[PDB]
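There are 2 protein chains.
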Amino acid sequence: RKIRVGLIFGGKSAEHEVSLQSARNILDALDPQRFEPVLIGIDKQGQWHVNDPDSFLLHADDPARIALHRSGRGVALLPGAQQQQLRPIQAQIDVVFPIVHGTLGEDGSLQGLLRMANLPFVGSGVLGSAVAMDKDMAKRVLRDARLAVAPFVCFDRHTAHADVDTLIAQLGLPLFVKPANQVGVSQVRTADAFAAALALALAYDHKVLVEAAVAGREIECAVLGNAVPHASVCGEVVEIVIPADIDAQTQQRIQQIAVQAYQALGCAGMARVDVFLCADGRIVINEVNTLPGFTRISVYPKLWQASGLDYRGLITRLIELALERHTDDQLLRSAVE
Amino acid sequence: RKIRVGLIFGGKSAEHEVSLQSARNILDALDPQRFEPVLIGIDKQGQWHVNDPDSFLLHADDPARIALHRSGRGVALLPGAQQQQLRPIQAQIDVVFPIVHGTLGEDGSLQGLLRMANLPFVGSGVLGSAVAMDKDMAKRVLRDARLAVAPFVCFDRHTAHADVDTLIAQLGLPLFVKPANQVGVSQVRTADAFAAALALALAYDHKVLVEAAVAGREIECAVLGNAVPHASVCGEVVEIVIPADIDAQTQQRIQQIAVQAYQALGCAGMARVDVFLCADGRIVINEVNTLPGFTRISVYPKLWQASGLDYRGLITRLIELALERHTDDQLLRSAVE
Ligand SMILES: Nc1ncnc2c1ncn2[C@@H]1O[C@H](COP(=O)(O)OP(=O)(O)O)[C@@H](O)[C@H]1O
Ligand SMILES: Nc1ncnc2c1ncn2[C@@H]1O[C@H](COP(=O)(O)OP(=O)(O)O)[C@@H](O)[C@H]1O
Ligand SMILES: [Mg+2]
Ligand SMILES: [Mg+2]
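Protein sequences, first through last, are from chains A and B. Using my numbering, read the first sequence as starting at 5 and increasing by one per residue. Using my numbering, read the second sequence as starting at 5 and increasing by one per residue.
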């Protein structure tokens, strides 16, 4: 009757601690009429630990020291299994809410594990996560959908044969140098600082984007839904200001763009879309993020709060969307001969 | 010293039996100086069974009855583990060669499981597999890379608001109706047969492509490699003819297109690229397939055979490429703070 929600959190990530705080907040807001929580923390070495709600954190109330209780109660996954798919090394989960920051948590890999275990789960599936996480691929698909993105060139080790001059002629200055995996970012103000930015970024990814500058205000907008996505009110990064000080017509066209970008990349459940709003009213997509923050101070939930969707209720909707997707997939999977 | 190769095969798939035959052939050709095999079969319900090389098939020599020995020796996966990641429910694998046909085996999901288990593995990673498998997404990325694809419209349940007339004005007749997941295909010769094709396809996927006809010969070309991919000689589907009866200049431009498509979609290890060669010499990409067949009669290995790469040696190269990728990823993963 109650649904069992497996919260998987942590990750090998600079944002590890953000995932800890999010898990705590989700746990406090989970509608206890409907959901029972099961907790799986992933430490900074990538090891999985089951915990109880009341002892999953060390120094919970100290932001500078908060950490995962590495209980050493390990987890096995049974691929192809239809029940008890998550097994203790040495509770049945009905839906997974993954908030694992870092490459594997965000890039479709964990999502693929969850599919292989036949687990419903919150957020974008394999494709949507993989595409959004790879900033090179995400921009090519956005571009093809006729949405505006910063002009850019993408390099790998084998082509980084980079001519700073041709780059400046095409893209200008300053240039933003980014590893394609959504640290290693640099604002290159002069042609001479480029070489080093290129080199730093390539320590983090096999692919590095070089982007022209976009002049404009930074507006962020929350999307929720599967096939019929909805958009929150906008927020302006000034340090966030909700609702953004922009007219109705402008908010509406950013909302519409956010939904369209989301559909193009094949997102589901949730994304935060970050755009630039230029002086002439052009809207340029900076980033589509399939794993927003879920702390009480994170932008994504505050954007929905300001749109009349409360935190408990956001969480409940994300779970319902995960179950909806799963049951629809169920029929199509079962159509194979 | 010897490398342990985990062969994972089978799958819930119409091509299940092709995967069985492939596994057998791979097993016979595996260089026993270098590799020891471990066998994991996935039955038609998606259940995983460990087997021994000498008893993994029922009716091995009868194509009409050949089936997986469902031994019931189950497999657990330890996510985050660095050793013994594949565990028997109730041999250390050093590299996985997945040839699991069907959605999960092909679409990045299994690849994501393998990443979560820190296993090196053969073929495209999560992104490359997810993108290539979704024919809608694959064509948009190809399109953006300025390679030619059949003109097309993509529908879901919520838009399939389909006007046959507008479709014929834009794309013509006949139309090819395809579920976006790479059965449910229909050649609609008249405007009146469309409705039903659209409806059949939508039983298999949430997305359905409608493509204009491409008039031309069918040429297939094998790609191998990670960052510097190579192309095989071409083969013509007449029923395959290797080498294709086409000039050197034409083979060279199809080879170049095959590599470019492969790079655009982020493929690794292996793909078979299928194109149309039109009367005027235009080359139109039909499909990039990240899981080709590996039977002795499959096109992919025959294309490499005709290019001077033998079957054992193809297999050895695919494993080397998997290990190369893995060790390079290793340094970048470990760069996180
Ligand atoms: N091409 C660009 N033009 C102008 N500003 C940029 C550009 N790329 C990044 N920035 C600015 O630098 C900041 C950091 O970049 P961003 O892509 O948001 O990386 P992350 O979200 O991983 O910090 C952005 O918030 C934006 O303010
Ligand atoms: N748009 C098209 N124009 C012309 N022929 C097509 C088109 N789409 C498919 N075909 C033909 O129909 C066959 C089946 O389509 P294909 O996409 O190869 O599906 P699958 O590989 O899953 O059978 C192809 O081998 C090709 O010969
Ligand atoms: Mg951003
Ligand atoms: Mg084909």
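We treat Cβ as the ideally placed atom computed from N, Cα and C, and that holds for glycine.
Quick check: the Cα distance between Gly188 (chain A) and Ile261 (chain A), rounded to an integer number of angstroms? Position 184 of the first sequence holds residue 188 (chain A). Position 257 of the first sequence holds residue 261 (chain A). C-alpha of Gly188 (chain A) to C-alpha of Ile261 (chain A): approximately 28 Å in a straight line.
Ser190 (chain B) bridges to which residues according to DSSP? In the second sequence, counting from the first residue as 1, residue 190 (chain B) sits at position 186. Note: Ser190 (chain B) sits in a beta bridge opposite B:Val181.
Since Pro296 (chain A) and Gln267 (chain A) are thought to touch, with beta carbons under 8 Å apart, how far apart are those beta carbons, to the nearest angstrom? Within the first sequence, numbered from 1, the residue matching residue 296 (chain A) stands at position 292. Within the first sequence, numbered from 1, the residue matching residue 267 (chain A) stands at position 263. The Cβ separation is near 18 Å, so there is no contact.
Tell me, to the nearest whole angstrom, how far the beta carbon of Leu72 (chain B) is from that of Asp32 (chain B); I am working on the premise that it is less than 8 Å. By one-based count along the second sequence, residue 72 (chain B) stands at place 68. By one-based count along the second sequence, residue 32 (chain B) stands at place 28. Actually they do not touch by this definition, with Cβ atoms about 17 Å apart.
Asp111 (chain B) and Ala134 (chain B) look like a contact to me (Cβ under 8 Å); what is the Cβ gap, rounded to whole Å? Residue numbering aside, residue 111 (chain B) sits at position 107 when the second sequence is read from its first letter. Residue numbering aside, residue 134 (chain B) sits at position 130 when the second sequence is read from its first letter. That pair is a contact at about 6 Å.
Where does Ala201 (chain B) sit, in a helix, a strand or coil, going by DSSP? Against the second sequence, residue 201 (chain B) aligns to sequence position 197. If DSSP states are grouped into helix, strand and coil, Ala201 (chain B) belongs with the helices.
Cβ neighbours of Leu318 (chain A) in the same chain (closer than 7 Å, five flanking residues each side left out): Counting from 1 along the first sequence, the entry for residue 318 (chain A) is found at position 314. These residues qualify, in order along the chain: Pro305 and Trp308.
Run through DSSP, which three-state label would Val292 (chain B) get? Within the second sequence, residue 292 (chain B) is the residue found at index 288, counting from 1. Reduced to three states, the DSSP call for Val292 (chain B) is strand.
With DSSP as the reference, please indicate the residues paired to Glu40 (chain A) in a beta bridge. As a working note, residue 40 (chain A) is residue 36 in the first sequence. BP columns for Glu40 (chain A) point to A:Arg8.
CB contact below 9 Å: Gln264 (chain A) versus chain B: As a position in the first sequence, residue 264 (chain A) is number 260, starting the count at 1. So no, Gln264 (chain A) is outside the interface.
Per the DSSP calculation, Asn55 (chain A) is bridged to which residue(s)? Residue mapping note: residue 55 (chain A) aligns to position 51 of the first sequence, counting from 1. For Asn55 (chain A), which the question treats as bridged, DSSP gives the partners A:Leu43.
So with CB distances below 7 Å, who are the chain B contacts of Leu108 (chain A)? Walking along the first sequence from the start, residue 108 (chain A) turns up at place 104. Near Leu108 (chain A) (Cβ distances below 7 Å), the residues of chain B are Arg119 and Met120.
Find the nearest neighbour of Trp52 (chain A) within the set A:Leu81, A:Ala272, A:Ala154 and A:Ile323, judged by alpha-carbon distance. Taking the first residue of the first sequence as 1, we reach residue 52 (chain A) at position 48. The candidate whose alpha carbon is nearest that of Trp52 (chain A) is A:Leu81.
Examine ligand 3 and report whether any of its heavy atoms sits within less than 8 Å of the Cβ of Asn290 (chain A). For this step, residue 290 (chain A) is matched to residue 286 along the first sequence. For ligand 3, at least one heavy atom lies less than 8 Å from the Cβ of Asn290 (chain A).
Closer than 5 Å is what we want: which residues have a beta carbon that near any heavy atom of ligand 2? List them in chain order. B:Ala154, B:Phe180, B:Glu215, B:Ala217 and B:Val218
From B:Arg74, B:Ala68 and B:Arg69, residue whose alpha carbon lies closest to that of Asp56 (chain B): Here residue 56 (chain B) refers to the residue found at position 52 of the second sequence. The shortest C-alpha separation from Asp56 (chain B) is found at B:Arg74.
Whose CA, out of A:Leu114, A:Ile246, A:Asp58 and A:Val153, lies closest to the CA of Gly220 (chain A)? Taking the first residue of the first sequence as position 1, residue 220 (chain A) is located at position 216. The shortest Cα separation from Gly220 (chain A) among A:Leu114, A:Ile246, A:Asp58 and A:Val153 belongs to A:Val153.
Considering only heavy atoms of ligand 4, does any lie closer than 8 Å to the CB of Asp278 (chain B)? Taking the second sequence and counting its residues from 1, the one referred to as residue 278 (chain B) is at position 274. True, at least one ligand heavy atom lies under 8 Å from that Cβ.
Beta carbon of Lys48 (chain B): closer than 8 Å to some heavy atom of ligand 1? Working through the second sequence from its first residue, we reach residue 48 (chain B) at position 44. No; taking the cut-off as 8 Å, the Cβ of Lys48 (chain B) has no heavy atom of ligand 1 nearer than that.
Would you say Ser17 (chain B) faces chain A, with C-beta separation under 9 Å as the test? Locating residue 17 (chain B) in the second sequence gives position 13, counting from the first residue. Under the Cβ distance rule, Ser17 (chain B) counts among the residues neighbouring chain A, one pair being separated by less than 9 Å.
In this structure, how does DSSP classify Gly273 (chain B) when only helix, strand and coil are distinguished? On the second sequence, position 269 is the one that residue 273 (chain B) refers to. In this structure, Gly273 (chain B) counts as strand in the three-state DSSP scheme.
Is the Cβ of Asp111 (chain A) closer than 9 Å to any Cβ of chain B? Position 107 of the first sequence holds residue 111 (chain A). At least one chain B Cβ lies under 9 Å of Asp111 (chain A).
Whole angstroms is fine: what's the gap from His20 (chain B)'s alpha carbon to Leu269 (chain B)'s? Here residue 20 (chain B) corresponds to residue number 16 of the second sequence, with the count starting at 1. Here residue 269 (chain B) corresponds to residue number 265 of the second sequence, with the count starting at 1. Whole-angstrom Cα-Cα distance: 26 Å.
Residues in the segment 73-100 of chain A having any Cβ partner in chain B nearer than 9 Å: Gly78, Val79, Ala80, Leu81, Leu82, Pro83, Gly84, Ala85, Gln86, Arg91 and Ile93
Starting from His162 (chain A), find everything on chain B with Cβ-Cβ shorter than 9 Å and list it in chain order. Here residue 162 (chain A) refers to the residue found at position 158 when the first sequence is read from its first residue. What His162 (chain A) touches in chain B: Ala231 and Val232.
If you measure from the beta carbon of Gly297 (chain A) to each beta carbon in chain B, is any gap under 9 Å? The residue labelled residue 297 (chain A) in the question sits at position 293 within the first sequence. With respect to chain B, the C-beta atom of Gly297 (chain A) has no partner C-beta closer than 9 Å.
Spatial distance of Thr331 (chain A) from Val237 (chain A) (CA atoms): For this step, residue 331 (chain A) is matched to residue 327 along the first sequence. For this step, residue 237 (chain A) is matched to residue 233 along the first sequence. C-alpha separation (whole angstroms): 30 Å.
Contact check, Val192 (chain A) vs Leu179 (chain A) under 8 Å by CB: the rounded distance? Counting from one through the first sequence, the residue named residue 192 (chain A) turns up at place 188. Counting from one through the first sequence, the residue named residue 179 (chain A) turns up at place 175. 5 Å between Cβ atoms; contact.
Looking only at its chain, what residues have a beta carbon closer than 6 Å to the beta carbon of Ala216 (chain A), apart from the 5 residues adjacent to it on each side? The residue you call residue 216 (chain A) lines up with position 212 of the first sequence. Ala154, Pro155, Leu175 and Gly176.
Three-state secondary structure (DSSP) at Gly127 (chain B)? The sequence position of residue 127 (chain B) within the second sequence is 123, counting from 1. Correct three-state label for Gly127 (chain B): coil.
Touching by the beta-carbon criterion (3+ pairs, under 8 Å), the segment 26-45 of chain A and the segment 113-125 of chain A: The segment 26-45 of chain A, when compared against the segment 113-125 of chain A, does not touch it at the 8 Å Cβ threshold.
Taking contact to mean 3 or more Cβ pairs, one atom from each stretch, closer than 8 Å, check whether the segment 282-289 of chain A and the segment 235-251 of chain A are in contact. no
Is the distance from the Cβ of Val214 (chain A) to the Cβ of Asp160 (chain A) below 9 Å? By one-based count along the first sequence, residue 214 (chain A) stands at place 210. By one-based count along the first sequence, residue 160 (chain A) stands at place 156. Contact flag unset, no.
For a cutoff of 9 Å on Cβ pairs, would you count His210 (chain B) as touching chain A? Here residue 210 (chain B) corresponds to residue number 206 of the second sequence, with the count starting at 1. So, interface residue.
Using the beta-carbon of each residue, which ones in chain B are nearer than 7 Å to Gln51 (chain A)? Counting from 1 along the first sequence, the entry for residue 51 (chain A) is found at position 47. Going along chain B in sequence order, the residues near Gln51 (chain A) (Cβ under 7 Å) are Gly84.
Three-state class that DSSP yields for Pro305 (chain A) in the structure shown: Mapped onto the first sequence, residue 305 (chain A) falls at position 301. Secondary structure at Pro305 (chain A): helix, using DSSP grouped into helix, strand and coil.
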